[PDB]
Structure formats: structure tokens, C-alpha cells
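We begin with a single chain expressed as C-alpha cells, specifically the form deposited without this ligand.
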């Protein structure tokens, strides 16, 4: 069977925390007062919750209320424990309250509001400087949550809220996040298709924080090349073929061989033989203002099949790509 794997960083953060910290199943939720919040408008309904803009009538502040769909008490407590553990961290969305919705009879998670613009339009206008700036802000959140023993597992543009006026960013939607425990087998059905790492797509379960770095590499490629999404699979199988058309099939075999993993035999008809492409292949006169040798080297170091070889979040904040970004 499969060769085991361990994160190369923050490997044992949870093993040395008290049990209270990671044993979310024993968490006792503290409930606030649902009459504090008045719903103003419904923004959307996603897989797990109905999302509203609301007003906290005790301070007249705008807030975001996510009224959860029926789900396992376990998964509610996991997201709530993770949000409490991370609260106040760099660029981590703030959970302001947890209340029982009287109509749905489920928990409603109340979050600080961020004055966002639709990433689809926002990514059309980001300058080279802005891409570097915001990548650095996302890395602050990822290094923090990884250092706190947690992987996000759903990094994508829709979960990055940006208030462009104030150049403020928050990483949101921690409902797929999990505590990292060395040697633990995780569910591979996480993240959203275009941002799934190769480990997910080959059903390797002993993955770690490095999954988020693949997803961040997918966002970066989409931004610097103005190609949304960058790996545009029609389904989870074609997703791996699209990746192989860029990174090549020989290194995909080397990856699966290293972990003694076998592809689904359904790949035998669809995968083909592909060389690794040079990143210059995706540059053209409409995105070249976003591309630099430092951007391409950084991307190359995120988008590795082998999850063990990817830059960690801290290593990524050390990269030359971020030298031009003004630090505070």
C-alpha cells in the first residue's frame, strides 16, 4: 500500500497543544442572542449555508450571517472550534457570534463584514503590484493557520474577501478546514475542482498544509496569466489531465511512483503522454505586464505534483517575488 507522508513543517503542533484545542467533538458552543441580529438581504445559498447581510442592532454594525444547512454536529463544532482557535490571526475572518436561528433550528454563524468586490471583475484590474501585495496577505493567513495546526482545504478566489479601498483581505469559509495530525488519513473530497491538488485527484489521503499551497499556485497562475481558471477540468479526471498537459506526464508518474500510488485505470484512455511546458508558453501581449522572471519562478515552486516539494507558506513569503511589496 501507499508510502506514508508527513508535513515538513508544523508537523507536531497539535500533539503538543492541550486536547481542548484540537478535540473539536467535545467543544461546548457558547450561544449568543439571536435577537441581536436583523437580516437585511440574502446574498446567496451555497452547499452548506444560506448567507445574509445583516445588522447587529446592539452597535448598528453590518455583519454577515451564515445560517447553516442541516449538517453533522461534528462538522459544525469543527468549523466553530477552528474559527475560535484562529480568531484575531492575520487576515483570518472574525467570528463575531454564534446564535440559534429560530426558523431553521440550526446554528447561524455571524462574521465581521468585508466590503468585497467580485473576484471576476477584481482580477481584471489588479496591477502586478496589487497581485504581489494580495498574495503576500493571503500567505500571512495561510502561514498563521498552518502554524496553528490547521489546513484550510478550500483556498480559492471566492473564499478570499478583499476590500480594495482599504487594501484589506480576509480568508473566509473555514467549514472544510481540518486539524493536521501526522499520519492521519483525510477525505480527498475537499477543495473546489479547479483548485484541487494532485494528491486529491490521485486519492492520496495522507496530505497536509501543502494542499493549500497548490490551491494558492492555481490562483496565482490565474491572476498573472489572466486565465480563469488556469487548470480548467470538466470533471475530477479531466482536472488531472489538464494539470498533466502543463506539468507533463513523466513527473506525474514519478510522483505516484514515489508514494507507491496507482492511477485509476480510467486514466489509461485519457491521460496520454505530455512534456512539461515552460511557463513562457502562457505569456502573451495581454498578460506580459503581470509576468516577471520572479513571478514564474515562484509559481513553478508552488505548482509541484509532489506535495512535499512545494514551498511552505513561510518559505513563499521569503521569495524574491515579494521584494517589491512595501512591508509595514
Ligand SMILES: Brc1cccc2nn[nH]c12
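Residue numbers count along the first chain shown, from 1.
There is another form of the same protein, the form deposited with this ligand bound; it is not shown, and what comes next is about it.
*Asks:* Taking the pose of this ligand in the bound PDB entry and superposing the surrounding C-alphas, is this site open or blocked by backbone or C-beta atoms within 2.4 Å of 3 or more ligand atoms?
*Replies:* After the site C-alphas are aligned, the pocket of the shown chain is open to the transferred ligand.
*Asks:* Suppose contact means a heavy atom within 4.5 Å; in the bound PDB entry, does that hold for all of 114, 161 and 172 with this ligand?
*Replies:* Looking in the bound PDB entry, the three residues 114, 161 and 172 all sit within 4.5 Å of this ligand (heavy atoms).
*Asks:* Using a 4.5 Å heavy atom cut-off, state whether residue 51 contacts this ligand in the bound PDB entry.
*Replies:* Yes - in the bound PDB entry, heavy atoms of residue 51 and this ligand come within 4.5 Å of each other.
*Asks:* Given that the partner is absent here, does residue 64 sit within 4.5 Å of this ligand in the bound PDB entry, heavy atoms only?
*Replies:* Flag for residue 64 set to yes.
*Asks:* Spell out, yes or no, whether the shortest heavy atom distance between residue 93 and this ligand in the bound PDB entry is within 4.5 Å.
*Replies:* So residue 93 counts as contacting this ligand.
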